[PDB]
Amino acid sequence: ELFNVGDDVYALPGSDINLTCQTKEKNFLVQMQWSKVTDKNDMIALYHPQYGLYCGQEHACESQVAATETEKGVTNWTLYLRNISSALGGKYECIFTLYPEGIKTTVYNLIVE
Amino acid sequence: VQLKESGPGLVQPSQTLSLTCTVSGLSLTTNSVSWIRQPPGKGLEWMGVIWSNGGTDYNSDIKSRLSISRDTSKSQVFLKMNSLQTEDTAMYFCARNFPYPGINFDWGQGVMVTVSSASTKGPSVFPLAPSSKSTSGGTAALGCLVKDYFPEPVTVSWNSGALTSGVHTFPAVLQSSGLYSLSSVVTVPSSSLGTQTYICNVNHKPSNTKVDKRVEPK
Amino acid sequence: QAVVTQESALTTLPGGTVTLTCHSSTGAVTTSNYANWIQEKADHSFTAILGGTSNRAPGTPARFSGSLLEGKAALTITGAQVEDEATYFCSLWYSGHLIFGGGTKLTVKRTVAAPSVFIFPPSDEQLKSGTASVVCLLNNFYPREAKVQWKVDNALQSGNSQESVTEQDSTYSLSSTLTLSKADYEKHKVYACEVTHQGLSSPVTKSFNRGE
Ligand SMILES: *[C@@H]1O[C@H](CO)[C@@H](O)[C@H](O)[C@H]1NC(C)=O
């Protein structure tokens, strides 16, 4: 539905990428999600503020993701990719689901040399 | 990724039922596990959920009797239910990531749990012999009649795994005696009936009965 | 917290598309009701079809899609296949309580096939105990609706029969068991199993004679 800047990270094989994504929503925040769409839409990590963290199929997302709250009330949703290989490139995006309906996504393009 | 439910097969209206759901190959910290049961003939009833983060939610009609807990080190979720009633006999399933997040959704196989003051009872296994009245088109039918056992979990295999094509083992039926009966049949090229031997392997673990009966033609 | 209702029964041809829906008594369904669909076949067999409104479960074919349409959640098969003939249950989440619908009975009309019929006399190894069970099997038919009547010397029986159907072919098979006391088994002599099905021009009878 709605988009929220987001850049192109130009990285070198072996780098570390720290993609962060914030929303102010609390009352109407249903879930946060990290997805990698390349030729798949691949769900990496799904966090629900009451039901906890859930990893998408094939993924070890528990160690690479985090959701914390700023006391100015913003929720930080973050994905960390370590020692990125040539294959980790492609379109990462962060999708917030709001109540009762809408979606706010932020798209990150990781381009590896 | 495999879900196996395990628990007592028959428990009396006295006890507290305790089943445990064991998940391979996934940490319960990023998966949730729910318990759904279905008494025979009646509809599904959700009972409760243990989320990835350890919180729980229960069905309001069973909240007072039901306790769902987990052991993240063994990757297991437990259900204990006190004040067992006789309806509470049902098929018990666990489903992971259900209802939430509903992605990676998977529903286990289920374990039968029968609640009654009754006694264990082993089956009687008779042959359903192949014969002239058992051939249509060049293929004869043969089978086993597994009769008068209790409670419901019985299993049947033919030639202890060798026979799979053409084997359909029907769901048991509950006779007015209160005992189950069940039929397992195999279709075979009848042109082969003289050279093969076929034998069904019946196993009813609530009565520690294993039996094999040779189905030989008539 | 609410009542979840689904269509009682639906039918298609193979290659058709059907949409099952799942109505919430409490208003329009949001994604926050996490609607999901499991498929029941024979034998207490549940397969997760789709969950979280639109996410196919691991293994679910691509013809399965889910959506929110009208005030309800909807599972849509596109290109129904004969294997999809089943009962589908939906369930909705109401912030703490999960309520199931009653389940839709999707029939997918494959081609009509008459059952092959076999009859099994009581074993010696059973008469012995004073009971006699006659067994009648209907093998591989479609549609699933079949009659089975036991005639003992052309006399209908009542209350001593039990049957059960299973699906595999995606055709049905059926086993009906007649049980009498060996005392009663022995005044009568023709033991007959009578089958009617859409695949039969006239009802078929497979019978037997005690000794003969
Ligand atoms: C980074 O990944 C490369 C490619 O697989 C691997 O050979 C290397 O050992 C990794 N470096 C570290 C510090 O783990």
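So that the names make sense, note that chain A is the first sequence line, chain B the second, and so on, each numbered from 1. Computed over heavy atoms, backbone and side chain alike; hydrogens, waters and symmetry mates excluded. Counting starts at 1 for both ligands and their atoms, following the listed order.
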For residues [X] and [Y], establish whether the separation of their ring centroids is below 6.0 Å.
| X | Y | value |
| --- | --- | --- |
| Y100(B) | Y51(A) | yes |
| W107(B) | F46(C) | yes |
| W34(A) | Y108(A) | yes |

Cationic N near anionic O, under 4.0 Å, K72(C) to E7(C): no

Show the distances, to 0.1 Å, for all pairs joining an N/O atom of ligand 1 and a protein N/O atom that are shorter than 3.5 Å, listing one pair per line.
{"residue": "ligand 1", "atom": "2 (O)", "partner": "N83(A)", "partner atom": "ND2", "Å": "2.3"}
{"residue": "ligand 1", "atom": "11 (N)", "partner": "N83(A)", "partner atom": "ND2", "Å": "3.0"}

Do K80(B)'s NZ or CZ and the ring of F78(B) fall within the cation-pi criteria of under 6.0 Å and 45°? yes

Side-chain H-bond candidate by donor/acceptor type, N201(B) with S157(B), under 3.5 Å: no

